[PDB]
Structure formats: C-alpha cells, structure tokens
Amino acid sequence: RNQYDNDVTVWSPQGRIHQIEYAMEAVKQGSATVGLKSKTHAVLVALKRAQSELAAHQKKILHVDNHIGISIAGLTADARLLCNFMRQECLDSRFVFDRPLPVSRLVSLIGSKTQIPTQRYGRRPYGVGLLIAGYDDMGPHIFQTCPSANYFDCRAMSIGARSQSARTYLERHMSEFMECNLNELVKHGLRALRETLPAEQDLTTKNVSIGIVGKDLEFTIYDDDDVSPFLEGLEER
Amino acid sequence: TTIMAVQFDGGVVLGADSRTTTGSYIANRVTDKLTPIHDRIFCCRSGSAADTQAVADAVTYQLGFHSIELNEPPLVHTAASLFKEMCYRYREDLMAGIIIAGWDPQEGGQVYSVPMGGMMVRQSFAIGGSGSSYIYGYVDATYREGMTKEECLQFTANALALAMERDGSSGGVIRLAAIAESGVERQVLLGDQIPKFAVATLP
Amino acid sequence: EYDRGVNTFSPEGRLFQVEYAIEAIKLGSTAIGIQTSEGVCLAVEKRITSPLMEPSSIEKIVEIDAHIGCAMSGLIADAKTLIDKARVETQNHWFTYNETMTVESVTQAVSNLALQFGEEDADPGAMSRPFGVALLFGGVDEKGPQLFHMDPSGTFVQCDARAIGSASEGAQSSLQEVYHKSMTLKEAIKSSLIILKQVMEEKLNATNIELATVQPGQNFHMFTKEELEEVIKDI
Amino acid sequence: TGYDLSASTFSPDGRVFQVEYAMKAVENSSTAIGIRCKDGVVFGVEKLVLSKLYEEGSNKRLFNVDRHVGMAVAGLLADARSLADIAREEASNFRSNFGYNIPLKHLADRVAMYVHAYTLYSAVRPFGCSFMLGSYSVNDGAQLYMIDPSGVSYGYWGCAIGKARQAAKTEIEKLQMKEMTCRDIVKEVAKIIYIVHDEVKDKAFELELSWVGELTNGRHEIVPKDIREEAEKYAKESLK
Amino acid sequence: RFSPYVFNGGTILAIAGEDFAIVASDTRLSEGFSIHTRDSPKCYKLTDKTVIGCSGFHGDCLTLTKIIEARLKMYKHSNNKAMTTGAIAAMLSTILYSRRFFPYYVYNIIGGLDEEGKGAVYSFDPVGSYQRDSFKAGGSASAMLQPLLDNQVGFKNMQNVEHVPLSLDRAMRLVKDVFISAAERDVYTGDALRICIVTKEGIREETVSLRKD
Amino acid sequence: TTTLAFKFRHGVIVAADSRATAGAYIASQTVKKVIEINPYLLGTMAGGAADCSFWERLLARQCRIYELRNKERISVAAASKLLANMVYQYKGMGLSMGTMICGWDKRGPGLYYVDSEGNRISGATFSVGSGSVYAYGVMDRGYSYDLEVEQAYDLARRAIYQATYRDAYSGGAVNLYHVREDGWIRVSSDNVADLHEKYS
Amino acid sequence: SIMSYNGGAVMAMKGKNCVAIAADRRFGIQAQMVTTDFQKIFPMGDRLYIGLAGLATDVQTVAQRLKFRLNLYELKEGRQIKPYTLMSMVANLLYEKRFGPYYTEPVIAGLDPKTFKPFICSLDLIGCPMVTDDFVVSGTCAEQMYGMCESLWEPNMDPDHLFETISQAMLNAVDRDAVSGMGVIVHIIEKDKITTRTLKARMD
Amino acid sequence: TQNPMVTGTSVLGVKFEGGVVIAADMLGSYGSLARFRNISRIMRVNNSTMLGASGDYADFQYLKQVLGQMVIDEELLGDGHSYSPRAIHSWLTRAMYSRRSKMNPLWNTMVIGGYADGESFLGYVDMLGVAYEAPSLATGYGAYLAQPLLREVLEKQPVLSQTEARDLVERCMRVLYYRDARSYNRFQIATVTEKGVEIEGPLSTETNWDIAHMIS
Amino acid sequence: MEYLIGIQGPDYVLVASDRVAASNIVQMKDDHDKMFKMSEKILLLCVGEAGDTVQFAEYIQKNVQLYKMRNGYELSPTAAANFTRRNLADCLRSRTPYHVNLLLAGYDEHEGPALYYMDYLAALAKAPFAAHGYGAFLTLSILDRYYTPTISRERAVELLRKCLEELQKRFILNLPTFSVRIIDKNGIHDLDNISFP
Ligand SMILES: CC(C)C[C@@H](C=O)NC(=O)[C@H](CC(C)C)NC(=O)[C@H](CC(C)C)NC(=O)OCc1ccccc1
Ligand SMILES: CC(C)C[C@@H](C=O)NC(=O)[C@H](CC(C)C)NC(=O)[C@H](CC(C)C)NC(=O)OCc1ccccc1
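Residues numbered from 1 in each chain as written, not as in the entry; some residues may be left out. Chains lettered and ligands numbered in written order. Part of a larger assembly, values for the part shown. Heavy atoms only, no water. Residues with missing side-chain atoms left out of burial classes, pairs and counts.

Deposited coordinates in this entry are attributed by the record to cryo-EM, at a stated resolution of 3.1 Å.

Asks: Hey, could you run me through the overall build of chain D in this one?
Replies: Across its full length, chain D holds 6 helices and 10 strands. Here the C-alpha atoms of chain D give a radius of gyration of 18 Å, agreeing with the 18 Å that 2.2 N^0.38 yields for 240 residues. The long-range fraction of contacts in chain D, counting pairs at least 24 apart against all pairs at least 6 apart in sequence, stands at 65%. (Helix = DSSP H or I, 4+ residues; strand = E, 2+ residues; numbered from the N terminus. Rg over C-alpha atoms; globule rule 2.2 N^0.38 Å. Contact = heavy atoms within 4.5 Å.)

Asks: Whenever I open this one, the interface of chain I and chain F confuses me. Can you help?
Replies: Much of the literature gives interface size as the accessible area that the parts lose upon coming together. Taken together, the contact pairs 13 residues of chain I with 15 residues of chain F. Looking at the side of chain I that touches chain F, the elements that each hand over two or more residues are β4 (26–29) and α1 (52–71) of chain I. Residues belonging to the side of chain I that touches chain F are distributed by class as follows: 6 nonpolar, 3 polar and 4 charged. (Nonpolar A, V, L, I, M, F, W, Y, C, P; charged D, E, K, R; others polar.)

Asks: How should the arrangement of the chains be read in this particular structure?
Replies: Contacts between protein chains span 13 pairs of chains, and they are most numerous for chains A and D. With no contact formed, the shortest span from any C-alpha in chain D to any C-alpha in chain F equals 41 Å. Chain G shows no contact with chain H. Their nearest C-alpha atoms sit 27 Å apart.

Asks: What am I meant to see in the sheet that holds strand β9 (residues 124–126) of chain I here?
Replies: The strands making up a sheet associate through backbone hydrogen bonding, with each pair oriented either parallel or antiparallel. All names here are of chain I. Reading across from one edge, β5-β6-β7-β8-β9 is the order of the 5 strands in this open sheet, with antiparallel pairing throughout. Across the chains shown, the open sheet's two edge strands, defined by having one partner strand only, are β5 (35–39) and β9. Each strand axis lies, on average, 25° off the axis of its neighbour in the sheet, ignoring direction. Both strand β7 (residues 100–108) and strand β8 (residues 112–118) contribute to a ladder of 7 bridges, which runs antiparallel. Looking at β8, one finds that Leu102 is bridged to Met118. With respect to the sheet, α1 is in contact with β5, β6 (42–48) and β7, its orientation differing from that of β5 by roughly 20°. (Pairing = 2+ DSSP bridges. Axes fitted to C-alpha atoms, helices over the stretch in contact; angles between N-to-C directions.)

Asks: Before we go on, may I ask you to explain the pairing of strand β2 (residues 12–16) of chain F in this structure?
Replies: Regular strands place their side chains on alternate faces of the sheet. All names here are of chain F. Of all 5 residues making up β2, 5 are buried, and the element is well covered by its neighbours. Covered by surrounding structure in β2 are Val12, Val14 and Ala16 together with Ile13 and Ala15, the residues of both alternating faces. As paired strands, strand β1 (residues 2–7) and β2 are joined by 5 bridges and run antiparallel to one another. Note on β2: the bridge partner recorded for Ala5 is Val14. In this structure, the hairpin formed by β1 and β2 is closed by a connection of 4 residues. (Buried < 20%, exposed > 50% of the residue type's maximum accessible area, 1.4 Å probe, protein only.)

Asks: Teacher, can you tell me more about the site of ligand 1 here?
Replies: Residue and element names in this part refer to chain B. Around ligand 1, the structure places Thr1, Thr20, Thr21, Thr22, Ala27, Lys33, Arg45, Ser46, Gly47, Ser48, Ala49 and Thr52. Between ligand 1 and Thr1 there is a distance of 2.5 Å, counted from an oxygen atom to a side-chain nitrogen or oxygen. Interatomic distance of 3.3 Å between a backbone N/O atom of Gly47 and an oxygen atom of ligand 1. Taken by itself ligand 1 offers 740 Å² of open surface, and the protein chains cover 51% of this. Looking at the shell around ligand 1, the elements with two or more residues in it are β3 (20–22), β6 (41–47) and α1 (49–70). Counted by class, the shell around ligand 1 contains 2 nonpolar, 8 polar and 2 charged residues. (Near = heavy atom within 4 Å. Polar contact = N/O pair within 3.5 Å; in protein donor to acceptor, adjacent residues only side chain to side chain. Areas by Shrake-Rupley, 256 points an atom, 1.4 Å probe, with all protein chains shown as cover.)

Asks: What exactly am I supposed to notice about the packing of helix α3 (residues 76–97) of chain A against helix α4 (residues 103–119) of chain A here?
Replies: Each pair of packed helices can be described by the angle between their axes along with the distance between the axes. Residues and elements named next belong to chain A. The geometry of α3 relative to α4 is characterised by a closest axis approach of 11 Å and an angle of 135° between their N-to-C directions. As far as their axial angle goes, α4 and α3 are oblique. Helix-helix and strand crossings are classified by hand; for α3 and α4 the assignment is right-handed. Contacts between α3 and α4 involve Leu82, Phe85, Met86 and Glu89 on the former and, on the latter, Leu106, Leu109, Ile110, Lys113 and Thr114. Across the contact of α3 with α4, the residue classes break down as 6 nonpolar, 1 polar and 2 charged. (Parallel < 35°, antiparallel > 145°, perpendicular 65-115°, else oblique. Left-handed = near helix turned anticlockwise from the far one by under 90°.)

Next up, the structure:
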C-alpha cells in the first residue's frame, strides 16, 4: 500500500486517503489542549511543553480577535498560517460590516481553505488541530478543526497527546460545566488537563496557559503569574 | 426612430418605423428595427445601429444556448434580463435603448422596456426613440385597458404615424408584428395604409 | 529514489523533508547562546578547514540590527537569505513605526519564511526545500535581554540558554549544569567558552572562536582578537 | 497494478479505478434518504454522533443550497461542504444573469459537470461525496436528483445514499410516495432511517429531517421540531 | 464631471500638557450651504492613550479611521503590544503618502500621552508630512484658532509675562473660548464642541453647546 | 524654505530655516529640514514636505541595509545616486523635492544636490529653496575654503537670516550643523528674531 | 506637419527596361541644415531600392527594420525578393503601427529578378500600396514633383533620357521647396549596371 | 455611471418611537420628462431593514440585486445571525467609497431605515461615500425643503409617535410636490417596526391651489 | 541653452562642451562635465532635459563597457552611434522618452576619426563639424566659413576659440568656461579649458 499513502490525490482501494490520516496523527503528537464552555463564558486550557528545562514553553493559545481565540495542537507553522487567515477574515468583517464575525461563519471559511489542499496534487493537508473559543450573539462556542477539514461544534473537546484521558473527564462532568461560574469552569478544565499529565508531572504556573472569552470579557490569555489565582483553588489528583 | 410595444390578453403587438439616418441623410429607408431574439420573443432597437445589432446578436446566442440547455421555451423576463445586464455593464460604451416584448407560456404577453443606462421595467405600453416624445400625450389619452389584438394593432399604427410626421429621424414604412401562442404574424404598412391625420389648412 | 513529494507526511505524522533538514543541523558547528540580565552572549566555532583560509571570511555571527544579533549553524548559504529577510524587516519597521522591532517579532518573521516551500507553488522560482539552518537570535528590547531559537521546522521558542550544532546535546547538558538566573554577562561569556572548548575538537584559540554580545547599555559588539585573548587567557 | 493510481488512466478493462474508490467512501458513510411526494420532497439523514461531547446540530449533513433547494449528503463531509458552496454559487450566478430561481434539473447538471471534471485529470482527485438535491416550485413541481462521485445525475421519485442504500431502497419502494403528501411522508422517512440503522454497531444516531414543498411554500426548511418528534415516535412504535 | 472630493467642513484642535492631552472637534457636518447633521464628532479614540481628530472630506475620514483601527489590531497581534502615539504618527504618514497620487482630503491631528506620560500632539498635512507640536488646530477654523493659542499657550508677542505651566482647567477654558469665537465667525463650525481629555486614568469626554447658526 | 551647504577645510556646514507654509498661511516655525541619514551623513529638505520626508527616510533605510550587508558606510556619492534613481522613476508625476546630501567619506568631505527633476551635482557650495537666491549672494561674497570654523558658522547664520528677511516663505530659526571626520554636530539653532537684534 | 519637420523629397520613374530613383540630400532639424549627405535611398536587392522620406528617425528605422526582414527572407527562401513582394513586406511593417504610425512614405524602384521588367511603387504612412506604370513621388515637394513629372514624362524612355527627365523634375521641384534640396542623387537601375549620379543643385 | 440617465427624486426618512418611516415618490425621470411613472424606489432588504434610493434607477436596481443575494446567502447558512440595519449601512458606505476611488461611481444617495434590538436606525450613504446617522434624513431637494420642517418638529420634540411621523412625512411630501419640478403625486411609505417592514401602496397628497385666484 | 561642438580633422576629433550647470536663474555649478567616456577612444557628449541626460548616457556608457568585458574588443564609433540611436528611437514612442541631444566622437584605427550628430528624435548623421544648443545657430556659420577638411589640430583649436569668442560677444546666456578634448590614434586627450574671463 506504499503507492496509495504517498499523495493526497490518491484514494486507497479501501476508500480512504492515507495522507489525510497521517496529518491527523501529527495533531495527536502535539501537547494536550482542553476547551470547554458555560452559558456565560468559553475557556481554553493548554499544557505548554518545554523542549529543555532552560527553554521556555512554546505559545499554545493565540488571539484571532477580541471575541475569538484559538488553541493550537500539531505543526506550529501551519497553525500560524491558519491564524493569519483567521485574523484577516475577522478584521475584514469589522471593516466591511462594523460587526464581529460570527464565530461559526469563521469556522466554515477555515474548513473551506483547509479542504482545498487535500483535493489538489503537490499539496499537503495542513497538519494542525485548532480549538476555537469565541463569544457571539448566539453565545459561548467551542469548535475543533482537523487536517481532514471537518469542523465540529463541541460542548467541550480535548485535542493532542493523551487527549482521551481529558475527554473521559469532560464526558463525566459535562452537565456541571454549563451552569458553573467562570472560576469553576476554568478549574474543571485544569482537572481535565491534569488527567492527560503523567502521574509524576504536576500542573504548574509555568506549564499552564488559560484563555477566557465571555459576554463582558474580551478574549484574554492568562500568563504564569495570572494563572496562579485559577490554580490556587484546587484539589490533589 | 420610434419603437412601440403594447400588451394584449395572451399576446404583445410590436411596432417600429423604418428610417436609419446619418445626420440629415437617410442611409436606409426600409430598415427592420424588430429583431427576433427567439421564436416568440422580439426586440425593438433604438440608438446606435451597431450597438443595438451587436447586443441583439449576443442575447440571441445566449438565449438560444439557455433554451437548448433547459429543454424549455425561453422566458421574456430572461431575455430582458440578459439585455439589461449587457446594457448596464457597458452603459457608457453603448448608446442603445431596447423594448423586449414576447409571449411565454407562464406569463403570456409581457412588454419590458430597457432604456439607456440598463434599467428594466415591465409596462403595459412602451414607446422609445426620438419620436417617442411627440406621441407621449397621444399614447396616454388613447390607451384603454382591455384593448383587443386588432385594437392594439390600430393603436400602435396610429401612434407611429403621428411620430413619423413630426420627427425628422422617424419615417418610411410602419413595420408591425403581433406575438401570441399561435406564432408571430408580421405586417408592413406603407403609403395609403399608413394612418393619415388631417393637416391644418390656413394658407 | 525520491519517490515521495517534498510536502509528504510520514506514517508517524512528521514531514520527511523537515526531519531530514533537522539532521543537517547536526553536521553544523556548535553555537552557544546564553541570556543573562546584564546581556545576551552568542558564541560559535569557526572550524577553519585549512591554515590558508583567512579566518575573518567565516561569519557565523551576524548583526540583524544594532540591538539584535544572530548566531547560525547548519548550511550557511541557506542562512544568508533568512538573515537578509530579518535585516530588511527591521529596517521596514523603523520606517513605518519609528521604533526598534522586538526580537520576538524578528524571530517570528524569519520563522514564517521557514515552511514556505512547495513543488506546485505558483511562483516560477520558489523555495523547493526546507531551510537547513538553525538560528539563535539574541537581542535587548523593552522586555529586556532576550534569546530565541529558530529551527528548520519553523518553531520559534525563547530559550534561557541553548546550543545549536554537532555537540548540541552534550553542550546542553553542560549548559543546564552551569546556568544560573543571577549569572552576570562576564560569567556567561566564560561559561560559554568553557562549554565550547570541551565540545570543540580543536584547542580553543582567538582565531577559531567568534563571540559577540548585546547589553542594554551597548549596541551588538563582536569581541576583537585582543578582547577574545584576554577572556581565553583567564579560561 | 499502477492502473488505479490516477483518474487520468483507464484500466485495461476500461474502468477508472480512482472514481470507483471514491464511490466506496460514500458506501462507508451513514445512509441519507430522500422521498419525493405529490406536495414536494422530504429528506432524512441517519447522522451518527461519534462523541457525546459534540453539541447537537454539529456536522449537519443537510444544507440549504438555495431558498427553494436542499441538499442531503453522504460521504466525506469536507468534500460535501465544498460541493454545497459550489451549488450555492451556481444558483446565485443564475439569479444574477437570468433574473429567476435556478431550475433544479439545471443546477444538478451544472454541479454534476463540476464533479465530472475531477474524474478526468491526474492533478486533481475525484470528490468522495454523493448528494441529493430536492426542490418544489408551482411551475416545476417536486423534483429530486442524485449526483454520484462519477458525476452521473438522474432524477429519482425516491433515493437512498450511504451504507444501507440497498436496504433503504426496498423499504422506500413499499411506500406509494406519489399518492402520499409531505406530512405523511415525514413519518415514513423517520421510519426507514430507524429500521436501516444498526443498533449493535454505529449506534448513537440522530435524525435530521428537511422538507421543501407546498407546506413550506417552496422554501426548503428543517422539519419543525413538533412534527419531527411525532415522526420519531411513529418510527420507534413501528420498530417495536 | 464627477468630482471625487467634497468639503464636509469641521475644525479640530489638540493641546498637549505636562500630564494631559485634549483633542476637541465641532459636531457639525455640512455639505455646501446645507448642514447634514448637528452631531458628527470628529474625535475618534485610537487606543487608551491616543485620540485622532480627522476633518475634511467625511468619506476619506471614515475610511482612514477604519484603516488605522485595522493597522492597530494587526500591530497588537504581531508585536504583542498596543501601538504608542509616536508609532501611530509614523504609520499615519505612510498611509497618507501611499495615496500621494490620489490624496485623502483629511486634515489629521493626533493627541495622546507619550511613553514618559507627557502630553504629545502630532499634526499631519493631507499627503503625510508630520511634526510634534504643543498645540495645533486643523480644519475650516484652523487659521482663526491657532493665533490665540500662540498668544496664550506660547506667550508669543508678550513681554514681562510669567511662563506658567498649562493647567487642565486653564486649557479647557481656552478650548471652549476659541471654539465659541470660531463659531461666531466661521459658517462651518458650530452645534457642539466634543472635548476628549487623555490622562493616565483614561479618556474623558465633555460636550459644550455652541451656536446652532 | 532656504537651505545652504558649503565645503571648507574644516568640513561641510549645513544650515536651514524652520518655516513650513501652506500657501500664505504659516503652518509651522519649527520644521526640521535637515535629516540625519546616519551619524556621518545628512540630508537637507526643500520644496514638498511629505515628498522630502518620505524619500529621505527611504534613503536612510536603504543606507542602513547597505551598511549591514557590506559592513561599511555608504559613500556620499552612492547615497546621492540612490536618491536620484528612486526619484527619477516618478519624474513628471508631480514630486517636488530639492535636497543636498552632505557627509564625510573615505574619498573626503562630500556635498551633492539631488532634485525631483533628476539633476545630481557635486559642488563646493550650494543653496536650495525659495530663498536660495538671497542666500547665494551673501554666501558667495563671504565664502572661502580658508574660513575658520567660527567664521564659517557665522556666514551660514547670516545668509539664512538675510534670506528670511527678503523671502516670505523663509522664516523661523536657523539650524546649523557641521560635518567633521568624527561625524556631524548640531552647532546651534538661532531664532531669526534674536539674530535680527545682533546683526542690526 | 510632422513630415515637414525633417523635410525630404524622393521620386521614382519607369523607362523601357530601366527604372530611376532620386532624392534630396538635405538633413535639417527645421529651418537649419545639419548635413547635406543624408541617405534616403537604400539598396535592398541589388536591382531593387527603396527611397524613404519623412521623419529622419523613421526613415532610418524603417530601412533598418525592412533590411532585417528582407535578409531573413532571402536566407530562408534562398532567392532574391521580387519587387512586388518588397512592397507587400513594407506595407505589413507600416500597418503593424497603424494606430501610432512611422512618419515615412516609401517609394520602391526595382527590376524583376528574372524577367528584368521595370517596377515602381509608392506606399502611404499606414501601408496602402499604390503601383504605377509611370512615376511615383513622395515628400514635402510632392505637388511640385507631380506637376513637373506629368508634363516631362514620356513612355518607353531610354536610360539616358530617363536620367535627364528625373533630374529636371527633381531639380526644379526642390527649387520651389524651402525644406528640400542641397543636392539630389539619382540612381539608374539597369540589368547590366547601376549608374549613380549626384546632380549640380542650388545650395540655399 | 459617469453620467446619470433615468433618475429618482428625494427620499425622506424620519425616526419614530418603535420604528422608522421612509417615503419616496414613484417617478423615474429622463431629464425633465417623467418617463416611468410607476417605479418603486424603496427596497425591503430584510425584516429589520428597508432602503430608499435617489439617483440612477439602474444603479439602485443593481444594488438591490447585490444586497438581495447577500441577504439570501445569510438565510441559507441559518446560523441565527442576520445583518443589522447598521451592518447593511456599513457595507453600502464601503461599496460607494470603493466605486468613488475607482472613479466609476454609483450615482445614488440612499436612506437606510431599520429597527433592531429595541433601537431605530436611520442612515445616509452618498455617491462619494459620505455617511452619517441622524433622527431625520432627506435626500436631493428634500434636504433643502423638507428637512427644515422635519428638523424643527424633531428638535422641539425628540420622540415622535408613528402616527405623528406619518403626518409629518405627508406634509413634507406635499411641500416637495409644490416646489420640486421632478416630484410626482404618487408616493410609497415604508415603515419598519418590531413586526417587520411594511411598504404601503401608491399614496397621493391632497393639494391646495387657493393662491392661484389671489394672483389677480 | 547648454552648448556642445565637434570639429573633425584628418587624424583627430576635437570636441568641446560648456562647463555650466544651471537651475532657474542661477548657475549652480561652473565645473560640470557633459562629456562621458564610452571607451578608450570614444566620447559621448549629452545636452538635454534634466535627469534624462545622465540616465541615458550612463546606460549607454555601461553597455559599451560591458561589450569590451564580454567580447574583449571595444565597439567601433559607428557601432556605438548606431547602438545609441536604436536605444533612443526605441524609447521615443515608449511611455518614458529621453529628451537628449547627443554628439558622439571617436577614432577607429581602421576607419579613422568619426563625429556623429543625434537629435532628441533619434536621427544619426555623420558630419565633418557639428554643434548643439542655441549657441550652434551663431557658431555653425563661423565653422562653415573657416572649416577646411585638411585643418590641422592647432588650427582646429584656433577655429574652436573663434566660435566660443562669438558666443561671448552675441549669446544672451553666460557660458564662461568650455572643456576641450581630442581623440586620435593615441586615444582621448584632455586639452586646457578655454576660459574667456
Ligand atoms: C434599429 C436602429 C438602432 C437603427 C437606426 C435607428 O435608430 N440607427 C440610427 O438611426 C442612428 C442615429 C443615432 C446614432 C442618432 N444612426 C446610426 O447608428 C449610424 C450613424 C453613424 C454616424 C454611427 N447609422 C449609419 O448608417 O452609420 C453609417 C456610418 C457609420 C460610421 C461612419 C460613418 C457613417
Ligand atoms: C517644511 C519642510 C518639511 C519642507 C519645506 C521646504 O520647502 N516647505 C514645504 O514643504 C511647503 C512650503 C513650500 C510649498 C513653500 N509646505 C507644504 O507643502 C505643506 C506642509 C505644511 C506647511 C502643512 N503642505 C500643503 O500645504 O499641502 C500638502 C497637500 C498635498 C497634496 C494634497 C493636499 C495637501
């Protein structure tokens, strides 16, 4: 099956495109990121990973717009290219209509741009998984995007290495998240991110990044000093 | 150039004069300003001869492809919309005013006037060209709703006759066409046949 | 047989060309970059092949701007195009905003150019392969002395201290042992030379080593042979 | 072999394998059924919810291509979303050029030709989605068309696309759709989807219902929840 | 034939102080001898420390403000910091020169706090030339407003006068007095005066009524 | 606008008025016509304010990139040619620019005049602007290569002052710079009003 | 007119088995004569010559461009160009610039390569080709030349007579034009030989 | 449109509590001639927005086609988001300015009236892209004649009842009919409220010609 | 306004140019050289609109230099003149037309001395003696009266001085200093500037 796996254009005789699946594996290799939403706020929690003890952790949360924020898993450069497309599209909505772009409408445009490489020859599926947290007239939204170019609306979703452990936590506590206050909602995400962490590792201000968007709050990324209040109230694993 | 179209129940009557003039010289004294875009759709052409003929040929080709592809008789509104789109896009380039009248199974007899500037309006009676200004009062006073096909044919001929007498550009023979489900019947009125209105007699 | 295209994902999920380009960096000479509150220090191994080559011709450490310098490892020729992009970008930022570009902003811009390679790219002339150079950018901005790492993958990460080159893994273990947050620039320069001397096959000498420093008070300065001799004599 | 690598290569038998491989991807996808009635067309999708985490209404397989037209898709969703965008563009272009709502037979032909272009070249792979377009107009009447990855488009009184198309088609055949009105058919489309679904594997399905017809005044719309709930109740009672 | 530019009127003034910056504008928008609206403020808040006043063809003013806002958002995304008043001044010159062949008909004065916290006023000609000034007036009444500002703020042509540092209260009385005087002698200015004060706390807006006509 | 530059044994003296005028209206009395391209190079601005500022700033960027790429400062001649080539492309499009490029290079002290028309010339003494004619007469009468540094400063101050008196567009203060092998220095900025008392 | 700026007069006449072409030798920017040795008649095919009058730049450019095409044609075809074909080639070159024309009116005098039949032709600035059995005249003094030629020309003139007739017409006609003159050069084309003679003309 | 052809006269807008009312005549005139005497110059963009245009009918008809497609496209998405009256106004300002910059302007002045989220929006977009929002709006000769009457009543009493606003618009239309050569008796009134946009059919203002006898 | 003159003798070409550069009513420079050395034995003198003169001449000079480097032999004066005429004529109908009047002087070992006159319109004429600018109208008559084809180099300078002396006596414009150069088998040689003051 070596011939089928080499190019995106080739269809395997089993009806599958191997190159798209290989790109999806790249998102799995990246660090775990968990995003969940309540009635009032939507949050992104990121396990920043350090190449060396000396090295600082890579950025995992980025500001697309005042009402939109993204968590990146997979190849960082592909994410930055996708983020620039999203930043330009949201700005174009503000310039033309003087309104924030509906978060759902942006995800549809991202899906279209990601799909075109998969069909054409000499192109690669973008190897990134993005969690989009945004607040629009409809309310808080959490969306997951894949190299397959399929985008899904999620009450909560976790992407990256050991994401399944975070997903199990989210499924059990899904009912509590909607009515929870912002501090409770962020804490639920921190616990889910901890499940991904190996038992030896512990959540710390340096390795944790939190992004919050809400009815009265523009997307804010909380730094290591800023994450300390959210992490201060916690329970031992 | 005077071009007129009047809608009748189940049909449309289209009329035009026959004069093409460069300055005060008549190049053609028998010009046909009624062009068949499709089997039951015709256009009356006013303005530059070259611009009108080119636009009419392009619409006939486009409407012909459209009808063959859809395997259905074309709509008058579709023909008018194609003319409006070309006229508006090149409004600065083309000095052309066209009245599109035809029969569709769905909406029967329809007259649409696309004036210079590419605007489309459906009107019970439409008049166009240099002679149109002289006959505006006659058309408004004479037109009566419920006019029969013969009454519309008389109405169009009487109006065109008045415009041709008072307009230098309008003249020659009156060409009339009537479009209905049965088909298109075309007649030419000349000399005695052209309606005559008494001139003032005070030497 | 080069059957796979330049943009092909591995069964594991990593682009084949990017991984091969990361292997190319291992061939490159070791460069030690340390960030200290007093200043950021960049050091590199010239690796002169023969006595005949003039030593000054090798230029591993280059000045992106007065406040920003970069040390390079891997294929030097690939780096020149990236270095030119950085210099033009810093000058453009001055013209448009009348301010110095932050080191992170410069590293992000060069990093963006790293993955822009395509076989079916519209431009008749476009990069066909990933860049094969690793760049350490060290500079002082409003945030303070800062050092950043650029990889052929296009990932940019701020580093307190890092080594890029053939002996990077061995040097990194040594750097982690000797790195303290309170270290002064003079201590960092001495530590960088000590790690470089151990990793370098040739004995350390003023000609075979290039060292440069950026401090908030002074613009990027490359140590002169006399200046290099004093630090090496202390060893 | 090597005869199956490109869409620009015919097999010694005369078959382009890459297009066949694309059709297989549609067969893997969950079933979508469209039934045309005297009043208009009704559509149903056996949407499968992979995870409880996904919010309800995510990954919709029913789209509104135009005010009067609706699309039911089975296959790669990303390709189907791209085809929906092409369908929306074609209808918009027709309205601008000819001034009237695009006839469905024409929309199906134009979109099918776009799907066909992919099958002819090595540079671009064929689309992996099959879709049904449904519309009602007083002059046109109810019309249902289905387009395969090959690009063939044929009108159908009733159609099923997906894993259980063969099973659904026998159940669809039993219904006398031409006599029945849309309100009656909405119960039947729910019944066929529930019967076709496999409880043992590919469980946790959700039913998406859409209709265009006299009841909707010729505007394709998602079936109202009150009617949808009644239809699901009929399907559950019938399954017993 | 078609004329691409129309004069929509309006006058703007910005005064810089040791700890404050005040940008003021009339609210009247007028085409020819007719008043389009009595409430169209010409002051727009670029950032927490910066307010830009734009007077001239209104269509050019609206587009330029929209372009500046996008550039500010783009800078924050790329540089991870909000643009300083001086940087906005340098960027605005480049945007204006980009349209040198088809110029924007807008007179722009930027008023904002500098990095040290001292007040800074930047004045721009339509093509793009910019300079930093303690006080500048732009628009239809710029010629009327500027001479009093030289006499009082600059103490020019006055001998044996103490050069007291400008006070927020004194500067605000001067801004009201100059605009009231201009409304009396210039047809374009009038209706109301929008005063925006930039300080470390934030931007504070005050409106004082001016003669309707 | 009066701008004057001359070359003498000690170096190059660059001086300018500070008045910017919109038609009759005097927009500014503090405009800085002389721009510092690099620590060893200066550019003088005359005619259109935006045109001169944009193009001289673009020359400075090109000179900075040249220094980084070639590891040496650009020649006065090379900088002057670069400005001329960039302006020539826009010839006939209405750019109005009069500029003097003054600096010290390995070749020696250098003075060049570049204009929107495209003339580029090197001279011992040049004056550019509306008041250039008035400045030229005073400078020509008192100019010598042998002038002492202090006398040279006075000649530049006097020529600008006399020009401001005759020319309506010239005005404000005279800003004087001296280019030396070490680099340029801003010798002084003197308001014409104060100079008027001293000269008279 | 643009044509009058540099001036110039060229004419061709047909004889029994000979053709003749003559041109003024003055090159002038307007009222000032820069040179008296300017070339307006260019050899094309040994017995085929083209005389160009109009803007001096255009006269030089068209001769240079025509030679490029003719040299390529002769190499590929393997044969000397026929006189009619040269008229077609020059007409194509002039028409290519119809919207912005070269300001030159070409006159062609030649003998057929095999038959040796006399051929004379004239073309307009935009490439219209006119072929005549007697004389073709182009230039600032065209009306004067037409008057002299119509009266002087006679059929079946011998080469010596053709030379005298073309010379008398050119000399008297350039005498009545201020911007043409300063000498005239006459070429007599015969199958056996080419005779080139410079006439004595008033210099003023 | 460097040169306008068939054109429409003034369109008037007034804001009342709970909605906006815009009134336009039904005449398209080629120069002096009243060529088309039954044309609607008011368009219902969506449930919350209506647009009235003065200027080339062809350019207005083109805008109606483009605006209508954009609204149809949004409805297809069904994301629960619909364009606000302000959003349509922002789009028009960008579209008019872009054409002005290209030097191929759309020769139209448009009044956009909408009611959304318990607020009433009235906006003006010019051919050159000049745009503003005001309580009372008028275009063409309406600015010179009708706007002074509308502004005086509004300045004295800021909030107007729907009935009072229709009464004011009818008085203004009569004033325009008397003093504008391009005015026509038949006109359409469009009102936007929480319920939606309603356009009334041809309406004629009664006229008093008593002054004609007084001329003697 | 600017002045160029060329006198050609049996074994040499004598060329002179005005040394004044002027903007408006003021002569900014009195040392300007309008002579550009295309090759060891070729000089191109250019007078015309500002900017166009330097841009065209420098481009021709650099292209002529490239020919020597690429082929190892310099162009003939006739070839260089034909190369300038083609480039100027090609640019004449182009959006950017150069307003340049050029005089080309060179000595070729095989064909001897050459002087070429080219107008802005791009007409190339080989002339025994030629001049450019308003000064030519006064100067050319003197040259026609006193020029003999066998004139010696010393006599050529005497003729040149007479032409320049007339310009001082009758020309409205002030052209005090003229640069003089000669081209012969040895090569281009600078001659002392003729300054009337
Ligand atoms: C069916 C009609 C559109 C044909 C007919 C009736 O209007 N056309 C016309 O009456 C119009 C008159 C209008 C231009 C004022 N005439 C025309 O369109 C042209 C006149 C030319 C000067 C362009 N008719 C014509 O015969 O053109 C001959 C011509 C064409 C080019 C140059 C010189 C002469
Ligand atoms: C003040 C220096 C920077 C330049 C100096 C040099 O001569 N003078 C100038 O630049 C001239 C004065 C000159 C015309 C006599 N001044 C100007 O050019 C002024 C700049 C300030 C005075 C407002 N610009 C101006 O008034 O018009 C600029 C413009 C250009 C195009 C469209 C609209 C407006």
